[PDB]
């Protein structure tokens, strides 16, 4: 909406107010939209035990496709956007401008895979707030969508060749960042809550949990046609917003379908000492801010 010239602007996607803001808005919208029949939230220290707080409420079944959330500048501030096609969210940017609001953004809730998001405009791009740190999420973003179709009957389908081919594009970009002599391996999640261990997403108002092992089992730079993932709806969630357990009602539809486009991934690097030359990667996520970051990286907000 205005292309500032002779202007150089530091960005640091890793310290962006917008991310936190979006996150509070999203969380807030789900709470309002999708209410559980029982919500267990523990409160601590005080006394000795940890007095767990319980909220029981009517839990109307509600499923509908989340509409895109545009995010805008609050009274007093301004939104700068970087116009580079490729962009690592850090340092100076010169092709930049001010804008009313950000683009529409699907407030999709999920782990491992980023569904229905923006594709990279050139090549596959990988992001971290510290690649050296084997504890920080690696955000992948694709230039090509990969369909993934899921059903309440308990599975997700994916074209093996498309995926197989997506993995090539990444392992490639990975050994570009960790040495070109390095072997890229993909393995299943290494443990933790089901929501982190499986590719967990919402759909029809129901929470899916899909065994993604089949997607992360290969070795690069060292069959069957359509990958079918076993899944499961659960009524007992670990919440993503705050640390709570929540029980929802069983489903009331026999036709719960979900055709989404994988547009990015949340990986995690094993790392660790081992003069051995190869890098292990596993499907990560769980921290929805990573998800908002995958979309808001090209943005910053500044005192007018």
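Numbering follows the first chain given and starts at 1.
The gap between residue 222 and residue 223 holds 10 or more unmodelled residues of the deposited sequence.
The PDB entry records a higher mean C-alpha B factor for 78-86 than for its counterpart among 78-86 and 150-158.
Per the PDB record, of the two stretches 227-235 and 89-97, 89-97 carries the greater mean B-factor over its C-alpha atoms. The PDB entry assigns the greatest CA B-factor among 36, 250, 254, 46 to 46. When the modelled residues of the chain are ordered by their C-alpha B factor, residue 186 lands in the middle third. Among the modelled residues of the chain, residue 175 sits in the highest third by CA temperature factor in this PDB entry. Among the modelled residues of its chain, residue 290 has a C-alpha B-factor that falls in the lowest third according to the deposited record. Annotation for residue 261: C-alpha temperature factor in the lowest third relative to the rest of the modelled chain, per the entry. Sort the modelled residues of the chain by CA B factor and residue 71 lands in the highest third.
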